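Below: one structure, written as structure tokens.
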Amino acid sequence: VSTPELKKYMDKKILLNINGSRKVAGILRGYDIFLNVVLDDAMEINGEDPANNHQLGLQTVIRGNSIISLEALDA
Amino acid sequence: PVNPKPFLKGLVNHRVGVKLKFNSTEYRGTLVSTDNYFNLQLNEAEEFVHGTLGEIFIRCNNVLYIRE
Amino acid sequence: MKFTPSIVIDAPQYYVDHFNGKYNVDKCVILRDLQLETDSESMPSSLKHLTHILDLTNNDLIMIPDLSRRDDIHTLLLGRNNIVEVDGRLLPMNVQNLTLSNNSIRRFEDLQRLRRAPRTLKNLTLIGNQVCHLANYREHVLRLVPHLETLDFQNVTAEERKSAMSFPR
Amino acid sequence: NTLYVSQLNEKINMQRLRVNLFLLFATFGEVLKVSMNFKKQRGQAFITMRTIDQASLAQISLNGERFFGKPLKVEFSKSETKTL
Amino acid sequence: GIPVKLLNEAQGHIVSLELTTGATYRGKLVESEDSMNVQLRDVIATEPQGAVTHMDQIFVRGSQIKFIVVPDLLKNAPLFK
Amino acid sequence: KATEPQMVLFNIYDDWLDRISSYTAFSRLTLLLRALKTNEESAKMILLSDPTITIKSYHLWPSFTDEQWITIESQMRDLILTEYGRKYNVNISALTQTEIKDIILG
Amino acid sequence: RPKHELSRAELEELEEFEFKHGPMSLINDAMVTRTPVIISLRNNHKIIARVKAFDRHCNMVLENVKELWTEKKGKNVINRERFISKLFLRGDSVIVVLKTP
Amino acid sequence: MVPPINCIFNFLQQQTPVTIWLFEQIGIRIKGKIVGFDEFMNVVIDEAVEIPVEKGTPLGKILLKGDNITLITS
Amino acid sequence: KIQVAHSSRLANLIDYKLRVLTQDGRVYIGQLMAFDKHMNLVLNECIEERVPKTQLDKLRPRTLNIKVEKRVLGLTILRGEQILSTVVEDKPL
Amino acid sequence: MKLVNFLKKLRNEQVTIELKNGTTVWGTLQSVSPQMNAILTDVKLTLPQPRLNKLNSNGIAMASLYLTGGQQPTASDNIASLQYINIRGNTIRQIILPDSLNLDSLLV
RNA sequence: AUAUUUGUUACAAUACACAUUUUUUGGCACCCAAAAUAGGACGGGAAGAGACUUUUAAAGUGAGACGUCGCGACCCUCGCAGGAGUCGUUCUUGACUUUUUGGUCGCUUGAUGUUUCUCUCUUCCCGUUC
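Chains as they are written, first to last, in the deposited numbering: chain x, 2 to 76; chain w, 12 to 60, 65 to 83; chain b, 1 to 50, 54 to 172; chain a, 28 to 111; chain y, 5 to 85; chain A, 1980 to 2085; chain e, 8 to 108; chain u, 10 to 62, 72 to 92; chain s, 3 to 64, 72 to 102; chain z, 1 to 108.
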């Protein structure tokens, strides 16, 4: 019905937790009414910052159902 | 450029396996009909997880994927 | 008059004691100056309604006994009660405080009634009782109280608790 | 109705102090307010009662009573309480 | 419904959040929608295991919210007439 | 489901006559024939009490090895024994075989 | 064609079609023909039940249904059977339902 | 702005291969060529293989439900 | 204890202190004020009570005394998704 | 058709509402909402004992059961008795209705 | 001279609408194992010992990590006012603005819950049961 308001967030590098375990960081591109969030230059954060972190793809889309909290690391 | 619903309309009365999301159980059988929600009906199905099953109704929420 | 069920029913259970819990019951027309000469009978009429606090202050009660299983009850105010002995097995796990000021409890009678506990209450006031005057009464009360957090407004001194524990051993 | 206490042990904790106060004042009458809203401590506590008579009695009896080492200076409040 | 309207009435005030994942986000509420998904400003975070951090801005999905703690003085607010 | 008059053929004795002799199967029929009146709803409770049982496609009755049917017909008799019994107020111990047949026959 | 365009009666004809011709026709043909059905729930407990009634959400009324549930701890198994005369079953728990021969 | 399902349509026509993560309970991730999709984000994948979490077996042309979708990643 | 009206719906009861059960095994006790279509409700002065894992072991079948760790949170708004069942504790002021 | 409209006619009957937790509720039934929210009156709600060398029962259902305030201290097994429980609709799994009532009249 | 009843309107309110990621047609379920007899078990508290830890024989009881409110204080700190002010209005109401004691440190083991790994006996005191 109503679109979520991310309007200040887009183009800013953002960390968001996927499910209980996961945390993905990427530059937010677009979003929809289900909160499905597509972002680019995705990286999967882990305990060891440079080591266990591995990039996903040039463009990644996320189902809004697996989104828990969304924090922007940015202005 | 096939979408899901015409893909199920093309898979009617063909042998299709369906993997549920739980035990990695797949029902292998001839599809009969589907609902709007993609409820499934099957004939001569067989449960793989080894058995033979005459007729089957599968609710939409428990299926993982559908293949031919 | 005597503490009946009807009286209990009548009692004002509207104004909750906002310090802790809910439903600060005052049995009869008013528990303060109810004049319950016998022991607190018909406790089942309340039926563990609700640190549930019951004020029995300014009443004739001789013995702190006759309670029904009350899980909620945490506070007993029993001020101006002619308490003599308060031995019971009903209110044991339940209850966090007991105010016994201006009563008739004996120094030996109060000690005898509890029979000792591994853990009990947490707040206790025995002020204006004959027993408190009695020599080594504070040491005897600490030994009887077993575990205790207070003794007549002053906490049993950590060192006093240690010495009392040594006396118990 | 309200009774403004003064000259008490500041070393004791807030909630505990309130509890103690409640325990003290239950003999006179029904204590409406457990502890003073300001909670500055060091004596400053407003014991709100239901009846004025009870309050009066309290004032009479507990004037210079030993509570946590020091003698409590009981006195009637200037302004009426927010609850009353 | 009234429960969501009270959340809209709490904008610009410090609120607490319990996500169904077990965490706790306490901080100032900037935005809220009728889907109960809110965004909070200058918020202290408590992980499910107790580790506490601080983040400047957060957006949470309403489906994952469990309870929201709102300043008490909104109790007498006109919604409840 | 028939809106028209027509002659249709079926079989009242589906399994039990095929298993057990002809004298007894009618007797087991009549133990039932009294019973479904007395089993106003408990019929489908007691006939389908064993959910392993299926009705054959050609047949009507619930096909079984006929041991529980001896139990079902004994249960069903007892519902007839009490319902005949309650109207005339007979004790269950006072019920005798000459009375039990009179309940079955009458 | 989406459902919000249709009128009040077109939804009734749609539900009549879906019950008569569709997946749930397996249950419907099972209700009329008095054929016992096997139902697996999410719980993992399977009921052999005759279907008195059913519905869109798949919740259904069954009479004389028998429940079969096994449990194991450290590979020690036991099979337990429970008989209930009347059952109303909420449809979200079910996964597979088969029609016995 | 690039709406997410627009991006998925750019996965359909650009014929780029995608890896897709499922829910954490199932323990497999699918990868293949996304052909077409519905409003519910349930997608048909041509030449799909299921990898447990590289010896996974090839699937086929398979319809995968959107309820179990977590990530769609190139 | 307290007898609720034999026919009383969630609308009939307002300002009663309730006891709310969630899916996670914790309880919110307090005065109900509003509620909604999907049954997410507003409690006034609410305290969440929880059962300790050692306490949970004690609850297993054999007078029991459970130490229930609880924390006070005022004027909350629950979510209908989490709510499991509701019971009445007390009657209004 | 909404089959929940059937439950609306079962009012004032003894019933067991067997929930997703495994918790079972015996009680007298009152008005059932269109979302299948079921409100009962005099209810004894409990948890079954899986025997199986005393395998551990549901850990969440024991806590939720003690936290109703209706579990009495001296109960040996795990049960609680209380008046007026209101149950959300999505929590229900099975409903066992009495044997006496006839379906042919109520299922119309 | 002789408040009740009837009709209409509005509000609040109950019974008839929706299985597709944001609440009600389920991501569902699983760690595993422990009492049987004909003076005896079970719980709680205290003491001793074994095995654990620490120092170079002598010291207490499985170990390592978040918080939670508490026992001390060589510190700070004055001491009586959710409420307060303003304006409208008449003997206490509305509209518009200002914004919680505890601020901290030890704990010579507060006291106490999560989460990983590995493998108790003797003596006294108090309650319950046959």
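Idealized CB from N, CA, C, for every residue including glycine.
What's the C-alpha gap between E13 of chain y and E6 of chain x?
-> Here residue 13 of chain y refers to the residue found at position 9 when the fifth sequence is read from its first residue. Here residue 6 of chain x refers to the residue found at position 5 when the first sequence is read from its first residue. Going by the C-alpha atoms only, they are around 18 Å apart.
Find out if the Cβ-Cβ distance for the pair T68 of chain z, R28 of chain s is shorter than 8 Å.
-> As a position in the tenth sequence, residue 68 of chain z is number 68, starting the count at 1. As a position in the ninth sequence, residue 28 of chain s is number 26, starting the count at 1. For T68 of chain z and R28 of chain s, no; Cβs fall outside 8 Å.
Exposed or buried, what is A16 of chain e when buried is set at 16 or more other beta-carbons lying within 10 Å of its beta-carbon?
-> For this step, residue 16 of chain e is matched to residue 9 along the seventh sequence. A16 of chain e comes out exposed.
Of all the residues that make up the segment 49–77 of chain z, which are near chain e by a beta-carbon distance shorter than 7 Å?
-> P50, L52, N53, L55
Inter-residue Cα distance where the pair is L16 of chain x and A26 of chain x | Reading the first sequence from its first residue, position 15 is the one you call residue 16 of chain x. Reading the first sequence from its first residue, position 25 is the one you call residue 26 of chain x. One C-alpha to the other measures close to 4 Å.
Identify, in the order they occur along the chain, each residue of the same chain with its Cβ nearer than 8 Å to the Cβ of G65 of chain x, setting aside the five sequence neighbours on each side.
-> Position 64 of the first sequence, counting from 1, holds the residue named residue 65 of chain x. Contacts found: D33, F35, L36, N37, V38.
Can you give me the Cβ contacts of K20 of chain z inside the same chain, cut-off strictly under 7 Å, excluding the 5 residues immediately before and after it?
-> Counting from one through the tenth sequence, the residue named residue 20 of chain z turns up at place 20. Cβ within range, chain order: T91, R93.
Is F52 of chain a helix, strand or coil when you go by DSSP?
-> In the fourth sequence, the residue the question calls residue 52 of chain a occupies position 25. Here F52 of chain a sits in helix by DSSP.
Length of the line joining the Cα atoms of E22 of chain y and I69 of chain y | What you label residue 22 of chain y is simply residue 18 of the fifth sequence in a count that begins at 1. What you label residue 69 of chain y is simply residue 65 of the fifth sequence in a count that begins at 1. Distance between the alpha carbons of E22 of chain y and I69 of chain y: 6 Å.
Listing by chain order, which chain b residues have their CB less than 8 Å from the CB of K76 of chain s?
-> Against the ninth sequence, residue 76 of chain s aligns to sequence position 67. Those within 8 Å of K76 of chain s in chain b number zero; the least Cβ separation is about 10 Å.
Closest Cα partner of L2039 of chain A within the set A:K1980, A:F1989, A:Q1985 = Here residue 2039 of chain A is taken as the residue at index 60 of the sixth sequence, counted from 1. Closest option to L2039 of chain A, Cα to Cα, is A:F1989.
How would you write the range of the beta strand (DSSP E) that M38 of chain e sits in, first residue to last?
-> Numbered from its first residue, the seventh sequence carries residue 38 of chain e at position 31. Per DSSP, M38 of chain e belongs to no beta strand (DSSP E); it is in the alpha helix (DSSP H), 32–39.
Between the C-alpha atoms of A2022 of chain A and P2041 of chain A, what's the straight-line distance to the nearest angstrom?
-> Stepping through the sixth sequence from its first residue, residue 2022 of chain A is reached at position 43. Stepping through the sixth sequence from its first residue, residue 2041 of chain A is reached at position 62. The alpha-carbon atoms of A2022 of chain A and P2041 of chain A are separated by roughly 12 Å.
Closest to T2031 of chain A by CA distance: which of e:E22, e:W76, e:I45, e:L33 is it?
-> Reading the sixth sequence from its first residue, position 52 is the one you call residue 2031 of chain A. Ranking the options by Cα distance to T2031 of chain A, first place goes to e:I45.
Can you find a CB in chain A that lies within less than 8 Å of the CB of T42 of chain e?
-> Within the seventh sequence, numbered from 1, the residue matching residue 42 of chain e stands at position 35. Judged by the 8 Å Cβ criterion, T42 of chain e is in contact with chain A.
Specify the secondary structure class of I1999 of chain A as computed by DSSP and reduced to three states.
-> Residue 1999 of chain A sits at position 20 when you count from the first residue of the sixth sequence. In the structure shown, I1999 of chain A sits in coil (DSSP, three-state: anything other than H, G, I, E or B).
Helix or strand or just coil, what does DSSP make of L154 of chain b?
-> By 1-based counting over the third sequence, the position of residue 154 of chain b is 151. It is a strand residue.
7 Å CB neighbourhood of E152 of chain b in its chain, flanking five on each side removed | Translated into the one-based positions of the third sequence, residue 152 of chain b becomes position 149. Excluding residues within five positions, the ones whose Cβ falls inside 7 Å are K125, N126, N158.
Spell out whether any CB of chain e is found under 8 Å from the CB atom of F59 of chain w.
-> Within the second sequence, the letter at position 48 stands for residue 59 of chain w. Chain e contact via Cβ: absent.
Rounded to whole angstroms, how far is the Cβ of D75 of chain b from the Cβ of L50 of chain b, which I believe are closer than 8 Å?
-> Start at 1 with the first residue of the third sequence, and residue 75 of chain b comes out as number 72. Start at 1 with the first residue of the third sequence, and residue 50 of chain b comes out as number 50. Indeed they touch by this definition, with Cβ atoms about 5 Å apart.
Can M76 of chain a and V58 of chain a be called in contact, C-beta distance under 8 Å?
-> Counting from 1 along the fourth sequence, the entry for residue 76 of chain a is found at position 49. Counting from 1 along the fourth sequence, the entry for residue 58 of chain a is found at position 31. Yes.
Are there 16 or more other CB atoms within 10 angstroms of the CB of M43 of chain b, so buried, or fewer, so exposed?
-> The residue you call residue 43 of chain b lines up with position 43 of the third sequence. Classification of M43 of chain b: buried, given that the 10 Å Cβ count is 16 or more.
Contacts that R72 of chain b makes with chain z (C-beta to C-beta distance below 7 Å) = Sequence index remark: in the third sequence, residue 72 of chain b carries index 69 (1-based). Simply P73.
Buried versus exposed call for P30 of chain e [16 or more other C-beta atoms within 10 Å across all chains shown] | The count along the seventh sequence starts at 1 and reaches residue 30 of chain e at position 23. It is buried - the Cβ of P30 of chain e has at least 16 other Cβ atoms within 10 Å.
Report buried or exposed for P7 of chain y, applying the criterion of at least 16 other Cβ atoms within 10 angstroms of its Cβ.
-> Counting from 1 along the fifth sequence, the entry for residue 7 of chain y is found at position 3. The residue in question, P7 of chain y, is buried, as its Cβ has 16 or more Cβ neighbours within 10 Å.
For the 8 Å Cβ check, are there 3 or more pairs between the segment 2047–2056 of chain A and the segment 2001–2020 of chain A?
-> yes
Mind checking whether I28 of chain x and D42 of chain x have CB atoms under 8 Å apart?
-> By 1-based counting over the first sequence, the position of residue 28 of chain x is 27. By 1-based counting over the first sequence, the position of residue 42 of chain x is 41. Yes, these two residues count as a Cβ contact at 8 Å.
So, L117 of chain b versus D155 of chain b, is the Cβ gap smaller than 8 Å?
-> In the third sequence, counting from the first residue as 1, residue 117 of chain b sits at position 114. In the third sequence, counting from the first residue as 1, residue 155 of chain b sits at position 152. In this structure, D155 of chain b does not lie closer than 8 Å to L117 of chain b by Cβ.
Complete runs of the beta strand (DSSP E) confined to the segment 37–91 of chain z [at least 3 residues] = 38–46, 79–83, 85–87
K2 of chain z touches chain e at which residues, Cβ-Cβ below 9 Å?
-> Locating residue 2 of chain z in the tenth sequence gives position 2, where the first residue counts as 1. Correct list: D62, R63, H64.
Endpoints, beta strand (DSSP E) assigned at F94 of chain a = Position 67 of the fourth sequence holds residue 94 of chain a. Residues 92–94.
With C-beta atoms as the reference, is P98 of chain z less than 8 Å away from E18 of chain z?
-> Numbered from 1 along the tenth sequence, position 98 holds the residue referred to as residue 98 of chain z. Numbered from 1 along the tenth sequence, position 18 holds the residue referred to as residue 18 of chain z. Taking 8 Å as the Cβ cut-off, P98 of chain z and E18 of chain z do not qualify as a contacting pair.
Are three or more beta carbon pairs between the segment 103–114 of chain b and the segment 130–146 of chain b nearer than 8 Å?
-> yes
Pick from e:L48, e:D62, e:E12, e:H11: whose alpha carbon is nearest that of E23 of chain e?
-> Within the seventh sequence, residue 23 of chain e is the residue found at index 16, counting from 1. Nearest option by C-alpha distance: e:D62.
Assigned secondary structure, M76 of chain a (DSSP; H/G/I helix, E/B strand, else coil) = For the purposes of this step, residue 76 of chain a is taken as residue 49 along the fourth sequence, with counting starting at 1. In the structure shown, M76 of chain a sits in a strand (DSSP, three-state: E or B).
Name the one or two DSSP bridge partners that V44 of chain u has.
-> Position 35 of the eighth sequence holds residue 44 of chain u. Answer by DSSP bridge pairing: none, since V44 of chain u is not bridged.
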